Amino acid sequence: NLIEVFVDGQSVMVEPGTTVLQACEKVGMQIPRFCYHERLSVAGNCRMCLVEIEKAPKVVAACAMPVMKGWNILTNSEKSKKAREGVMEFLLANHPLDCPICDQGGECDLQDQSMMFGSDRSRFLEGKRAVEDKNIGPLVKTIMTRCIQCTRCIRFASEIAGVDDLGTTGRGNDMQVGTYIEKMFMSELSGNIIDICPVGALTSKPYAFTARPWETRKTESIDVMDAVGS
Amino acid sequence: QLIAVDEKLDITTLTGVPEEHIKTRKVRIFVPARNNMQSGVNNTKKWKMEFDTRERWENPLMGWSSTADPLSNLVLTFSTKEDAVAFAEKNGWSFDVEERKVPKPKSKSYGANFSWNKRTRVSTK
Amino acid sequence: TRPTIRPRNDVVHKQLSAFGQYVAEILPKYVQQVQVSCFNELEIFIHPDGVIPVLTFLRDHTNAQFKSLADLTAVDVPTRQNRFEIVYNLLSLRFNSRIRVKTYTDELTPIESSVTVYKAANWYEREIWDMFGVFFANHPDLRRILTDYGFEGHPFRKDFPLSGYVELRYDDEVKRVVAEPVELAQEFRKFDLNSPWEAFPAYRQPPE
Amino acid sequence: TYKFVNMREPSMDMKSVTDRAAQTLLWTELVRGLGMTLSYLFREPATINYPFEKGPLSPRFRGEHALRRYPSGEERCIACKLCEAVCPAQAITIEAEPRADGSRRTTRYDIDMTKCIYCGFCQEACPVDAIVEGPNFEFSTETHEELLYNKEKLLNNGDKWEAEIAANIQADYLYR
Amino acid sequence: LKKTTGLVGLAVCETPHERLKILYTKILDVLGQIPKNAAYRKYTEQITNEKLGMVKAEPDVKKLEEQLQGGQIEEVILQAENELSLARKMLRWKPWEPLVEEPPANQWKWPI
Amino acid sequence: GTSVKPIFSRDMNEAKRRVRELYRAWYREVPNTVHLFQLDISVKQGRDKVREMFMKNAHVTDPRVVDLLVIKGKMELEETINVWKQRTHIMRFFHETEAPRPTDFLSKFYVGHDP
Amino acid sequence: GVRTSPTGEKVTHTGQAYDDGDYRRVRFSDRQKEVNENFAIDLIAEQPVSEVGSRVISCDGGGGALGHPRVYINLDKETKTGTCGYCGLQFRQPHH
Amino acid sequence: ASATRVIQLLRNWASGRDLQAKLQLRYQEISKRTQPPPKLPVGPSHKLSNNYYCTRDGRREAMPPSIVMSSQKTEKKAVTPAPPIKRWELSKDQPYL
Ligand code: SF4
Ligand code: SF4
Ligand code: SF4
Ligand code: SF4
Ligand code: FES
Ligand SMILES: [Mg+2]
Ligand SMILES: [Zn+2]
């Protein structure tokens, strides 16, 4: 049967094996996340989803930790806020200043989560990291200095598209996401990496520089290019 | 005492809208789809009523995008589908209602990435 | 100390809460709800037919001498059954305070005119009618105040378009100004500015 | 505290009564007004000899708009549309595309000077100091269309007023 | 005694105490018609008896004004008249009755 | 609510009475409006326009809506009587400078995308 | 470097030029077409390529606070120059 | 300014005040149009440690208004919105004009 957990003291009935992030979503709280995608596997590396359990001295990765009976999840606690601020601080410390020239622009998860969960000032007094851009076809434009090594594109590529030509090379702060060779990521499902990349590292090349998200009007229609009716 | 009106509410004669934009307009009541470029779901909370798209042409001078439809930018926010339907009915516009699409609950397990005998094992991290 | 955070005033908060309890006890027939905002502003939500008694009490009572009608306006919320929300802001000089009284109404339900309590209610209610379509029952002279002569529709409603439906120009054939359907050389560009990430946890609503 | 503007009362003694009677019969305060006007007549006027003498201005002055360049000659604007987003009057229209060398550069940059309120938000929001409100204000036109600027006109304004704009930005950029 | 009250249209009263006693007695007489359990009657009776006690124990007008803390004695008289008229109106209105009608399910919700 | 608060007129009979009273008030005013504003229209044209404006709301079956309509009609009349309006608005009632909008499907198809 | 269309109308730096049969060319009759003669692409081509002995360079456009936001360019791919895209400036490691 | 003494004396007699003490035209007494460069102060929240935004987030301290009374849900003394305003004291600087 369902077990009883608590989110900020509010009782929730969840199935065994449900994660902390899913319990908070069920109660109505969307925990900030970068590497977590519901359609993909659980990676738990960006560490942005760390939350505090009421009696646990250590924060837990909400996207990977299954809930136990009688767990009180403190979503808006001081420890959770400090953890989110620290993770955002590291991300933006190594992130480059490209927002005006970056197509992700006003629809960026890094920007929005920085404005909602991170600090507003920088303590980084050193130089930043620069990463050589790759070329993976005429559809996806890669500016890899903006990558946050969230491994969404790798996981999507392998699991969904059945193509394992993406991965991380090297280790440490020098880890780079790409192909390691001049190979184009050509597949019939290669725009979804543009969609799911939380930052502007992977962007649409035909759409490059043309518009900004706040200007666009969204019309909900269907697809006719095939018989799927997407 | 207090009178009773056993008839549907209709304020079209009082709103002042032209008959063309009363009769030939079909609004769309729906919950907006999540912007696929972001994982945030806070913009998919409230129902929205929006009108149908009309013609836009190019200005002969300066090449701007002209219009002739007053209700082009008119978008209304409603807390409930019933509230939006009642508003549309009392204002007399036609309406198409689309049901809210909520993601189905999914079973996620970190340990499935290292299955001993299942295909769920991942080849990289 | 926190230099960037506005300080709170517990004394004023407690005084306003006590006075809200006082008025709620005095007038149970109309007072539906009482609130005190965290920046020390008292609000009273009453039944729409209690406007005259509540305003007369808050004006003439010795402990509530709200002589001055600071403001009177309406707020349009289409998603509610009673969309229009009539707001009265009152100032008490003797006790150096302010109060707010909020009632509700829809298109076809009149609201009793409060010109017998405050004289500024005359023009304030004329403006409310002109801009929202709310009719006030016993108004000495209820007519449009701000819109053009013969203007159709009430501009401040949420469902009234920003540019309206008609525009004016001088037509030389008829030697007079004419009103023609609106047509913009450059259409107003609608921006979707809301971020999809929740900003304030304290105001989160139950998913329901 | 407070003070009374008109609460005095005149003394009813014979000398004061006679003084008031003399003021009534002999228009003393009217003569005082005449004397003040005569003083102003003999003073020096404050009129400047326009257009040969120009009124004072400051480096922060908001005038005609301009699009600037880097010293290399490359345009500063990167088509980020921050000015278009922040423009209160929606007087800026921008359309961009990748250039022949792949740069993020605008193809259309229009400012409607009959719609702009000259509020200066565009030069505040610009992260590259591309769009500026220059010092020129004598640009009245005989036709409406001449006030609908485009990218060519704004670049011409920048090239025409670059020295003064650069000097003003150097003078006032430490307050920004 | 004093030349003016400092307010335009507010005449000086040469008999403040008698007028105040008369007005407070009239207010108390009107409040007797209101039902005992009504909360308007209790508070108004309390404040009226509190203020009526001060006017009968202080013959000096200035010290009485300082005790009442209601502006000048003319302003106090005007407020007593307003309170009397309000008491009559409240006797007509009968607002001690239970709530006329509860609002709809979501009428004061915000944001919405 | 089942017991809706009436503005006045209670049922539809008194609302019709008010409609007829307002119609008489407008009808007796058209000669004065033509004379004072120096309109170039006929008195018959003004009466026909008043009749048409009354008839475009003939389908209303709600007494409150009818009461609001007659209130706004009295407002419009008092604007005309006091010469608050000009010839501009009185002629705005006539749409004298609009091209005849096509109403057939074929003409609408030819001119543009308008339904 | 301005160029002339076959209809005799100068082309702007965006390639704008009305067609031969376009009626909108009548607006320039008895008047002039506002065209800027300086092309940013040509000028930035005229600018040379810098050579610095480091894998990562930092560009701010010069002037400090008067320039563009500071960015870092990775000079690892020797087949091409690293271009700061705020100002279109090319840097290169010394090969050979 | 630049004027003859006779005209200045005539102005002083007609106006009754020494005009040269307080004129209405500016003669080199105003600050020069060129000024040394400034260096503005940085601010209170520009520290490198013990400065977390969660401890100084003004917006997140805002709270929904407290519901004092809701119909849905001894002898107490009557109260007032606030203590009555104290009488204003007449100005010692210049009580009467
Ligand atoms: S990915 Fe986001 S944070 Fe990074 S440059 Fe682009 S908009 Fe800015
Ligand atoms: S390129 Fe994008 S999706 Fe891939 S790991 Fe980097 S941030 Fe994630
Ligand atoms: S000054 Fe203000 S109104 Fe004018 S273009 Fe700039 S942002 Fe727009
Ligand atoms: S803010 Fe500056 S860089 Fe951005 S689009 Fe406007 S002018 Fe160009
Ligand atoms: S969302 Fe959980 S660690 Fe990334
Ligand atoms: Mg992306
Ligand atoms: Zn640069």
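Attention here is on the structure that accompanies the text. (Residues numbered from 1 in each chain as written, not as in the entry; some residues may be left out. Chains lettered and ligands numbered in written order. Part of a larger assembly, values for the part shown. Heavy atoms only, no water.)

1. Some words on the packing of aromatic side chains
By the definition in use, this model includes 24 aromatic pairs over all chains. Ring geometry for B:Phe51 versus B:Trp93: centroids 4.9 Å apart, planes at 80°, classification edge-to-face. On the criterion of sequence distance, the pair formed by B:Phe51 in the loop between β2 (47–50) and β3 (56–58) and B:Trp93 in the loop between α3 (81–91) and β6 (94–97) is long-range, its members being 42 residues apart. A residue is classified by how much of its surface remains accessible, and B:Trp93, at 3% relative accessible area, is buried. Members of the aromatic cluster, connected to one another through ring pairs, are B:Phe51, B:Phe78, B:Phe87 and B:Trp93. Of note, D:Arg60 hangs over the ring of D:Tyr175, and the distance from its end group to the ring centre comes to 5.0 Å. One residue, F:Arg47, lies across the ring of F:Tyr27, its end atom 3.9 Å from the ring centre. (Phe/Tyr/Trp six-rings, centres within 6.5 Å; stacked < 30°, edge-to-face > 60°. Helix = DSSP H or I, 4+ residues; strand = E, 2+ residues; numbered from the N terminus. Buried < 20%, exposed > 50% of the residue type's maximum accessible area, 1.4 Å probe, protein only. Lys NZ or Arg CZ within 6 Å of the ring centre and 35° of its normal.)

2. Let's talk about the interface of chain E and chain C
With 35 residues of chain E in contact, the opposing surface of chain C contributes 35 residues. Between chain E and chain C the total buried area reaches about 3000 Å² when both faces are included, carbon and sulfur atoms providing 60% of it. Counting the contacts that link chain E with chain C gives 2 salt bridges. Our count for the contact surface shared by chain E and chain C stands at 14 residue pairs in polar contact. Among the secondary structure elements, those contributing two or more residues to the side of chain E that touches chain C are α2 (39–57) and α4 (73–93) of chain E. In terms of residue count, α4(E) provides more of the side of chain E that touches chain C than any other element does, 9 residues in total. In terms of residue class, the side of chain E that touches chain C is built from 18 nonpolar, 9 polar and 8 charged. (Contact = heavy atoms within 4.5 Å. Buried area = accessible area lost by both parts, 1.4 Å probe. Salt bridge = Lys/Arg side-chain N within 4 Å of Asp/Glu carboxyl O. Polar contact = N/O pair within 3.5 Å; in protein donor to acceptor, adjacent residues only side chain to side chain. Nonpolar A, V, L, I, M, F, W, Y, C, P; charged D, E, K, R; others polar.)

3. Describing the interface of chain B and chain A
The interface of chain B with chain A comprises 26 residues on the first partner and 29 residues on the second. Here chain B meets chain A over a buried area of about 2200 Å², counting both sides, of which 38% is carbon and sulfur. Summed over the shared surface of chain B and chain A, the result is 2 salt bridges. Applying the counting rule to chain B against chain A returns 15 residue pairs in polar contact.

4. So, the packing of helix α1 (residues 16–31) of chain E against α4(E)
Residue and element names in this part refer to chain E. Two numbers describe how α1 lies on α4: the axes approach to 9 Å, and their chain directions differ by 15°. What the angle tells us is that α1 and α4 run roughly parallel. The interaxial crossing formed by α1 with α4 has left-handed handedness. Taken together, the residues of α4 that come into contact with α1 (itself represented by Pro16, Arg19, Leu20, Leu23, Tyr24, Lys26, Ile27, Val30 and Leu31) are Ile73, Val76, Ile77, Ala80, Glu81, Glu83, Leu84, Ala87 and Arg88. Class assignment for the residues of the contact of α1 with α4 results in 13 nonpolar, no polar and 5 charged. (Axes fitted to C-alpha atoms, helices over the stretch in contact; angles between N-to-C directions. Parallel < 35°, antiparallel > 145°, perpendicular 65-115°, else oblique. Left-handed = near helix turned anticlockwise from the far one by under 90°.)

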